[PDB]
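Take a look at this single chain, the form deposited in one PDB entry, given in structure tokens.
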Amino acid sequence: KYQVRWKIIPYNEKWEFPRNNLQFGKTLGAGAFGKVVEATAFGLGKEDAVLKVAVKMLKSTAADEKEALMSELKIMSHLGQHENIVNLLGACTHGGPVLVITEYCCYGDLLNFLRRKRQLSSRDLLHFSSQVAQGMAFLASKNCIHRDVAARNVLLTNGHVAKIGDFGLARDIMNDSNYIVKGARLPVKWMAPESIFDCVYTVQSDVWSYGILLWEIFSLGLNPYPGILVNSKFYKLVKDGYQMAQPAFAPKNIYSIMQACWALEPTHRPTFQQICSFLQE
């Protein structure tokens, strides 16, 4: 079943948009459950201009799936907008299958960007980290838990500005080694301890994951816990306080951030607003 995991701790027709003003383009990414393509929206917004957007849609398998896409539409529509989230822009719930229109981020996902860049400056890596912390500060102010914070789940748009989102619809998580077949598909290398043992998720759980994400950014995109398998010995490791060593490109204070994010006690971790402030230095 398709499903996003943004959890807050029905539809406003003001978002509706005619699909006849929606001109499909190239497929950006396809999972088994649906796909996201790029398009052009004529008359979408106050400006009634032409903006290039991205449309999430399901395949042909229905209908508790259609329902999931709707629920995602409603959550996004409630959280409100923010300069560092991939924003809802509109939708098509009539005259055909549900289309969820969102912002198009031209430079693609952060992880790939980092990897074909192994030129960036350390000031760029700082901009990415800060921008994402600001998007995450926003989510938690809305009492929203992301539950899948990772570099793959950050996009870069104009001016290489970072926007966080959930893009599980457009890739194959069922066949992705970073997501474990526990049953649910869980990104265990990014998950805080309490999420792995007590199935507890909170805003501070996200902070942990943002720590691992920091590590991805300043290691220019290595897989976390390099050469270490997900299994019983692994759970004992992170439970016992094991932490990844400082990335080559990380400054000393940035690695301070990660270590704080990886506090074993959830309440010892910094909040996203605290993080945002130390990042602006």
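Start at 1 and count along the sequence shown; that's the residue number. In this text, rigid core is short for the largest set of C-alphas that superpose within 1.5 Å between two forms. Only residues modelled in both forms are compared.
- According to the PDB entry, the deposited sequence contains 1 to 3 residues between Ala62 and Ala63 that lack coordinates.
- In the deposited entry, the stretch joining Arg118 to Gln119 is interrupted by 10 or more residues of the deposited sequence lacking coordinates.
- Per the PDB record, of the two stretches 136 to 144 and 202 to 210, 136 to 144 carries the greater mean B-factor over its C-alpha atoms.
- Note on 30 to 38 vs 45 to 53: mean CA B-factor is higher in 45 to 53.
- The residue among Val98, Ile173, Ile101, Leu126 whose C-alpha carries the highest B-factor in the deposited model is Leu126.
- In the PDB entry, the Cα temperature factor peaks, among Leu58, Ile217, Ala245, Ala68, at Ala68.
- Remark: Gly159 belongs to the highest third of its chain, ranked by C-alpha B-factor as recorded.
- Compared with the other modelled residues of the chain, the Cα B-factor recorded for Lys182 ranks in the highest third.
- Sorting the modelled residues of the chain by their CA temperature factor places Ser232 in the highest third.
- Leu22: CA B factor lies in the highest third for its chain, per the PDB record.
- Among all modelled residues in its chain, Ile9 ranks in the highest third by Cα B-factor.
What comes next is about the form deposited in another entry, which does not appear here.
- Taking the core as reference between the shown form and the other one, the lone member of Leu222, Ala32, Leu237, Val230 whose Cα moves by 2 Å or more is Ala32.
- Relative to the superposed core, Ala170 undergoes a C-alpha shift of no less than 2 Å between the shown form and the other one.
- Displacement of the C-alpha atoms by 2 Å or more across three or more consecutive residues between the shown form and the other one, following core superposition, is confined to the runs 30 to 34, 166 to 172.
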